[PDB]
Every structure is written in structure tokens, then in C-alpha cells.
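To start, the structure under review is shown below, and the notes come after it.
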Amino acid sequence: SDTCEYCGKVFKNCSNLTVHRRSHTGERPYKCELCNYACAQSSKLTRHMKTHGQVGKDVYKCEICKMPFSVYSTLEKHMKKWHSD
DNA sequence: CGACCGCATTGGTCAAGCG
DNA sequence: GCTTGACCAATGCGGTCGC
Ligand SMILES: [Zn+2]
Ligand SMILES: [Zn+2]
Ligand SMILES: [Zn+2]
């Protein structure tokens with residue numbers, strides 16, 4: 001009840017197995033409300049949420065896409081990939 | 001051009017810690 | 001049992017530099 005049905009890795013914390021398993025089945029239920037980011041770990045999505053704005057720092061929003069960033073240096077990454085026009 | 005180099009972000013991993 | 005976050009390496013970029 002603790003081993004991966006797909007490759008047989010053995011987990012002593014079974015919750016680790018339920019997350020690992022999605023590496024095979026591709027399920028990504030933790031979906032960001034701010035972008036199309038998704039992941040198989042609740043931990044990761046909250047960590048990714050920092051990238052959308054810190055509490056004490058000035059936030060940067062996409063002028064086209066209303067999307068908020070905390071660091072400018074990844075906004076234009078979103079400009080190039082999503083706003084080529 | 002190609003190969004280095006700093007950074008913001010990430011995927012994988014793990015297990016303390018809970019009460 | 002289950003959540004949470006630290007850790008690490010990988011990534012990808014943008015830029016730099018190289019008998
Ligand atoms: Zn597996
Ligand atoms: Zn997001
Ligand atoms: Zn945008």
C-alpha cells in the first residue's frame with residue numbers, strides 16, 4: 001500500500017507516494033488562479049505564488065494581461081511568451 | 001558561434017512535526 | 001497519517017566572453 005504501482009519505488013511516508021505517482025500519470029490538480037501554472041504538490045504552488053507578489057514589495061502587473069509580478073525580471077519573460085504581438 | 005555565468009524559478013526529494 | 005517547507009540540482013534566460 002506504500003509502493004508505486006508504476007515502477008515499484010517504496011515510500012515510508014505514503015503521502016510522498018501519492019505525489020510521486022503523478023509524475024507518471026501527469027495529474028496536476030494544484031492549479032494557480034493567477035496563471036496557467038499547475039503542479040502535483042501543494043507545497044510548490046504556494047511557493048510559486050511568491051512570484052506573483054510579495055506583501056511588502058511593489059507589485060508589477062502586465063499592462064496587457066493584468067497579471068501581477070513581484071520581480072520585473074520575469075515579467076518580460078511573460079511578455080515574450082504570451083504577447084508576441 | 002559557443003561556451004561560461006549570475007539569477008529567478010522550478011521539479012524532485014525528504015522527513016520533521018504535529019498534538 | 002498528513003501537511004509543510006527546507007534542500008538541491010536542474011532549467012532557462014539573458015548576458016558575457018573567449019590562446
Ligand atoms: Zn513510480
Ligand atoms: Zn501563478
Ligand atoms: Zn501579459
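Ligands are numbered from 1 in the order shown, chains are lettered A, B, ... in the order of the C-alpha cells, and residues start at 1 in each chain.
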Sel. of strand (DSSP E or B) residues, chain A, as JSON, numbers by chain = {"A": [3, 10, 30, 31, 38, 39, 60, 61, 68, 69]}
Neighbour list for residue 54 (chain A) as a CSV table (one decimal) with N, CA, C and O atoms, in the first residue's frame, cut-off 12 Å, only C-alpha atoms (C1' of nucleotides), skip fewer than 5 positions in-chain:
chain,number,residue,atom,x,y,z
A,47,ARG,N,4.7,28.1,-3.0
A,47,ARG,CA,6.0,28.7,-3.3
A,47,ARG,C,5.9,29.5,-4.6
A,47,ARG,O,6.5,30.6,-4.7
A,48,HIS,N,5.3,28.9,-5.6
A,48,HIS,CA,5.1,29.6,-6.9
A,48,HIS,C,4.3,30.9,-6.7
A,48,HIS,O,4.5,31.9,-7.5
A,49,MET,N,3.4,31.0,-5.7
A,49,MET,CA,2.6,32.2,-5.5
A,49,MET,C,3.4,33.4,-5.1
A,49,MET,O,3.0,34.5,-5.2
A,59,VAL,N,4.4,45.7,-6.5
A,59,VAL,CA,4.0,44.7,-7.5
A,59,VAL,C,4.0,45.2,-8.9
A,59,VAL,O,3.8,46.4,-9.1
A,60,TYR,N,4.3,44.4,-9.9
A,60,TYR,CA,4.3,44.8,-11.3
A,60,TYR,C,3.3,43.9,-12.0
A,60,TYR,O,3.3,42.7,-11.9
A,68,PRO,N,-0.1,40.0,-12.2
A,68,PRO,CA,0.9,40.7,-11.3
A,68,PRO,C,2.2,39.9,-11.1
A,68,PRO,O,2.2,38.7,-11.0
A,69,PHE,N,3.3,40.6,-11.0
A,69,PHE,CA,4.6,40.0,-10.8
A,69,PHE,C,5.2,40.8,-9.6
A,69,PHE,O,5.0,42.0,-9.4
A,70,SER,N,6.0,40.1,-8.8
A,70,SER,CA,6.9,40.7,-7.8
A,70,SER,C,8.2,41.1,-8.3
A,70,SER,O,8.9,42.0,-7.7
A,71,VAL,N,8.8,40.4,-9.3
A,71,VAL,CA,10.1,40.7,-9.9
A,71,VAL,C,9.9,41.1,-11.3
A,71,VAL,O,9.2,40.4,-12.1
Could you write out as an NGL selection string the residues of chain A within 12 Å of chain B, counting only C-alpha atoms (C1' of nucleotides)?
-> :A and (11-17 or 19-20 or 23 or 37-41 or 43-45 or 47-52 or 69-75 or 77)
List all protein, DNA and RNA residues that have any atom at most 12 Å from ligand 3, counting only C-alpha atoms (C1' of nucleotides) and all ligand atoms, and write the list as a list in words.
->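 Those residues are residues 34, 35, 60, 61, 62, 63, 64, 65, 66, 67, 68, 69, 74, 75, 76, 77, 78, 79, 80, 81, 82, 83, 84 and 85 of chain A.
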Got a sec to tell me which of chain A DSSP assigns to helix (DSSP H, G or I), as a compact mmCIF listing (two decimals) with C-alpha atoms, in the first residue's frame?
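Writing done, so here's result_17.txt:
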# COMPACT_ATOMS: atom_id res chain seq x y z
CA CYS A 14 2.75 7.24 1.82
CA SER A 15 1.78 10.84 1.00
CA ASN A 16 5.12 11.12 -0.81
CA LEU A 17 3.98 8.19 -2.96
CA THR A 18 0.69 9.87 -3.92
CA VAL A 19 2.60 12.93 -5.16
CA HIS A 20 5.35 10.90 -6.88
CA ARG A 21 2.77 8.81 -8.70
CA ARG A 22 1.55 11.87 -10.58
CA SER A 23 4.95 12.07 -12.22
CA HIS A 24 3.77 9.02 -14.16
CA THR A 25 0.07 9.82 -14.63
CA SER A 42 0.53 21.81 -2.73
CA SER A 43 3.88 22.93 -1.34
CA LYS A 44 5.08 24.01 -4.78
CA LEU A 45 2.03 26.08 -5.75
CA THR A 46 2.27 28.19 -2.59
CA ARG A 47 5.97 28.67 -3.31
CA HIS A 48 5.14 29.65 -6.90
CA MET A 49 2.62 32.16 -5.51
CA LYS A 50 5.51 34.30 -4.20
CA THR A 51 6.39 35.07 -7.84
CA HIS A 52 3.03 36.87 -8.23
CA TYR A 72 10.33 42.66 -13.07
CA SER A 73 12.96 40.28 -14.49
CA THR A 74 10.32 37.61 -15.18
CA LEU A 75 7.55 39.91 -16.45
CA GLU A 76 9.13 40.27 -19.90
CA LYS A 77 9.55 36.51 -19.91
CA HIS A 78 5.74 36.55 -19.79
CA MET A 79 5.71 39.40 -22.35
CA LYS A 80 7.71 37.40 -24.90
CA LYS A 81 5.96 34.05 -24.46
CA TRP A 82 2.42 35.44 -24.31
Residues up to 6 Å from ligand 1, counting only C-alpha atoms (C1' of nucleotides) and all ligand atoms: could you list those as a PyMOL selection string?
-> chain A and resi 4+6-9+21
What are the residues of chain C that have an atom within 10 Å of an atom of chain A, counting only C-alpha atoms (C1' of nucleotides), as a ChimeraX atom specification?
-> /C:1-5,13-14
Those selected residues, please, written with C-alpha atoms (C1' of nucleotides) and delivered as a JSON list (two decimals), in the first residue's frame.
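Ended up saving to again_21.json:
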[["chain", "number", "residue", "atom", "x", "y", "z"],
["C", 1, "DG", "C1'", -1.31, 9.97, 8.93],
["C", 2, "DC", "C1'", -0.87, 14.14, 6.74],
["C", 3, "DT", "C1'", 0.86, 18.87, 5.90],
["C", 4, "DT", "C1'", 4.55, 21.82, 5.11],
["C", 5, "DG", "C1'", 8.83, 23.72, 3.81],
["C", 13, "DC", "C1'", 17.31, 33.13, -19.80],
["C", 14, "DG", "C1'", 19.81, 36.99, -20.56]]
